[PDB]
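> Kindly generate the corresponding structure for this input.
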Amino acid sequence: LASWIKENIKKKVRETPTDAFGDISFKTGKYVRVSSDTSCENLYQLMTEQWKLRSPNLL
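Residues are numbered from 1 along each chain as shown. Let me share the structure:
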């Protein structure tokens, strides 16, 4: 699961792979370290796959 995140997401001036973060609590909340240079549809696939949210009605 999160190995896909560690593959796709990247640490970034040398594009290295990321750290593949998880969830927190201090209920709960999730968190992912991405870089500023990530692809758009890659970001959509990550968001709607791993987090897996429904279609929102308004932003």
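> Next, count neighbours for residue 27.
As a burial measure, the neighbour count of residue 27 was computed by other Cβ atoms under 10 Å and equals 3. Where you see a C-beta, it was placed from the backbone N, CA and C, and this is true even at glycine.
> which element is it on?
For residue 27, there is no host helix or strand (DSSP states H and E).
> One more: residue 5?
Residue 5 belongs to helix 2-8 when elements are defined using DSSP H and E.
> Could you list the buried residues of that helix?
By 16 or more other Cβ atoms under 10 Å, the buried positions in helix 2-8 come out as 5, 8.
> How about residue 6: what's its closest non-neighbour residue?
residue 20 (3.7 Å; Cβ to Cβ, 6 or more residues apart in numbering).
> Now do the same contact list for the one you found.
Taking Cβ atoms under 8 Å, 6 or more residues apart in numbering as the contact definition, residue 20 lies against 2-3, 5-6, 9, 32-33.
> between these, which is closest to residue 53?
Of all the contacts of residue 20, residue 53 sits closest to residue 32, with 13.6 Å by Cβ to Cβ.
> how about the closest one, what does it touch?
Residue 32 sits next to 5, 9, 20-21, 46, 50 when contact means Cβ under 8 Å, 6+ apart.
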